[PDB]
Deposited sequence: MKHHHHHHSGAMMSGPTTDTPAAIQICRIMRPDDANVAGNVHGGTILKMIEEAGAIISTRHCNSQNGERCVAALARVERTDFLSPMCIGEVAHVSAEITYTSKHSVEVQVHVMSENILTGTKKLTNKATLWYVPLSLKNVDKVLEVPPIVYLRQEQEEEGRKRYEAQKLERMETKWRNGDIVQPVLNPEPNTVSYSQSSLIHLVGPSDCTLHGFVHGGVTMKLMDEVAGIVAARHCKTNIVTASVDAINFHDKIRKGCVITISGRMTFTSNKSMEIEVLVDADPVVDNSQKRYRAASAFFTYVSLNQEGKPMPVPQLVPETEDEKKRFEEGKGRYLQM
């Protein structure tokens, strides 16, 4: 168990369910603390473990204000320079005594030198109880390694341009951060918000985050940047919607550095019935060639 805290009114959305960004920030905190503690076991160069990838997060059951969140983490795998961390988020009602599993996630972290930033160090190794666990971890590692290799016109209903949305945010201070960079939590909250906007615009009904499927942090964001979090619908099942979210970082004045793509993610959203079963959502129809390529790649991700 790496983090435990109380959900408060500011942790929720306007409706009263706790924000996806808050759950993501707790997940990141737990994974980062245990990964950082593990990569300084053998007392090497002083390092901090940075989140590089959210392999997957499942929103199994909703969390609400007043409940206590216990988020625990276990180090499954460590590569040459990366560590895989599995994290479980449970909610407990302190009066009712009930405890449910709210979220389940897998993340990837990599240690960065504190002395000379941008320098990756070698993860110390971990000892496994069963060899099948270690090879299954290696298989997942090689799978994720394999996987790694915006204009809007006048909109018609149920088109990509119709739901396409965007947030623009000036990154502020980070005083007590481990490094000079800002945590993935702020950016993930913004990504979740843009995904929710796109889903609600496309489906015109209640919506729920089913899962966040692949969050990649391409490079760090420093203070004084202004980030554009752009969200677009990529592919829809009959009962689910997929949203690509892209985070681009721009220097305000510094033309020494050019605009770059800082992060990318895929959100799977669903709308449920009063009973709690996934209801049919309107189907997205692509119009351009790139939209249809992204729809096909969404179907491929759907069946694999």
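> Need the unmodelled segments of the deposited chain, numbered from 1, in order.
Holes in the chain trace, numbered from 1: 1-23, 173-182, 338.
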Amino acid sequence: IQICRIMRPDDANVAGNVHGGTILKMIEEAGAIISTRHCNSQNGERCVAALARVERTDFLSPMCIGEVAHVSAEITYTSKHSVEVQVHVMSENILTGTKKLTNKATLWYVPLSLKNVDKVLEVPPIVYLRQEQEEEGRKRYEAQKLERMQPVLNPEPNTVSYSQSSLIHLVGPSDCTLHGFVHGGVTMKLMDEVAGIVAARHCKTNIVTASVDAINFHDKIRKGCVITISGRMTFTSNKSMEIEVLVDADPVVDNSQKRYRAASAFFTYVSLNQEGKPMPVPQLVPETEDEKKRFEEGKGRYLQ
From here on, numbers count along this sequence of modelled residues.
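> If you average the CA temperature factors as listed in the entry, which stretch comes out higher, 181-189 or 129-137?
It is 129-137 that shows the higher mean C-alpha B-factor.
> Averaging C-alpha B-factors over each stretch, which comes out higher, 251-259 or 52-60?
Averaged over C-alpha atoms, the B-factors run higher in 251-259.
> Based on what the PDB entry reports, which of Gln150, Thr234, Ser211, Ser165 has the top C-alpha B-factor?
So the option with the highest C-alpha B-factor is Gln150.
> So among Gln86, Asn103, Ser230, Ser174, who wins on Cα B-factor in the entry?
Answer, based on the entry's C-alpha B-factors: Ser174.
> Test of reading the entry: by CA B factor among the chain's modelled residues, which third contains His19?
Ranked within chain, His19 CA B lands in the middle tercile.
> By the recorded C-alpha temperature factor, relative to the other modelled residues in its chain, which third is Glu275 in?
Highest third of the chain for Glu275's C-alpha B-factor.
> Check where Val71 lands among this chain's C-alpha B-factors and tell me if it's the lowest, middle or highest third.
Middle third - that is where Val71 ends up once the chain's C-alpha B-factors are sorted.
> For the chain shown, is the CA B-factor of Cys39 in the lowest, middle or highest third of its modelled residues?
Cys39: CA B-factor falls in the highest third of its chain.
> Could you tell me which third, lowest, middle or highest, the C-alpha B-factor of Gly196 occupies within its chain?
As the PDB entry reports it, the C-alpha B-factor of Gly196 lands in the lowest third of its chain.
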